[PDB]
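*Asks:*
In PDB author numbering, the protein residues as written are 2 to 119.
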């Protein structure tokens, strides 16, 4: 399965990540702009992979990860963050995330994460 749900409050970031993901032969199944929409779209779409920004309004990334893991204990979540958020990324990993990618996105690394988690 190669359907990805992209979760990030920044349109810019969703666009750049989508470009990488599609260029790598994956499909973007949907987009969400905060944690609450992430959970709703996960239920709606049942994506193979979720990319999840840590820093987000209305519901942050770690809380959304916890919700999605309850909904689907087999979820595959890659956390996204800027540098300097290592402690938050570790917390997200302990809550169930399988890998991480750092902004600004390095295409080779994102591709590697997608293949690995698949």
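Backbone N, C-alpha and C define an ideal beta-carbon position, used for all residues, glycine too.
Compare the C-alpha of residue 9 against each of 33, 113 and 3 and name the closest.
*Replies:* Taking only the C-alpha atoms, the option nearest residue 9 is 33.
*Asks:* Per DSSP, which residues does residue 115 bridge with? Please list them.
*Replies:* None, per the DSSP bridge assignment.
*Asks:* Rounded to the nearest angstrom, what separates residue 87 and residue 45 at their Cα positions?
*Replies:* For residue 87 and residue 45, the distance between alpha carbons rounds to 30 Å.
*Asks:* Quick check on residue 81: buried or exposed, where buried means 16 or more other Cβ atoms within 10 Å of its Cβ?
*Replies:* Burial call: buried.
*Asks:* Along the chain, where does the beta strand (DSSP E) containing residue 53 start, and where does it finish?
*Replies:* Run containing residue 53: 50-54, per the beta strand (DSSP E) assignment.
*Asks:* If you draw a straight line from the C-alpha of residue 35 to the C-alpha of residue 79, how long is it?
*Replies:* Rounded to whole angstroms, residue 35 to residue 79 spans 15 Å at the Cα level.
*Asks:* To the nearest angstrom, how far is it from the Cα of residue 55 to the Cα of residue 61?
*Replies:* Whole-angstrom Cα-Cα distance: 6 Å.
*Asks:* Following the continuous alpha helix (DSSP H) through residue 100, name the residue where it begins and the one where it ends.
*Replies:* That residue, residue 100, is in no alpha helix (DSSP H); its beta strand (DSSP E) goes 100-104.
*Asks:* In whole angstroms, what separates the C-alpha of residue 112 from that of residue 100?
*Replies:* Approximately 12 Å between the Cα atoms of the pair.
*Asks:* Cα-Cα, which of 89, 65 and 94 is closest to residue 6?
*Replies:* Residue 65 is the option with its Cα nearest to residue 6.
*Asks:* Do you know how far the Cα of residue 24 is from the Cα of residue 74?
*Replies:* Straight-line Cα distance between these residues: approximately 29 Å.
*Asks:* Mapping DSSP to helix, strand and coil, what is residue 41?
*Replies:* Helix.
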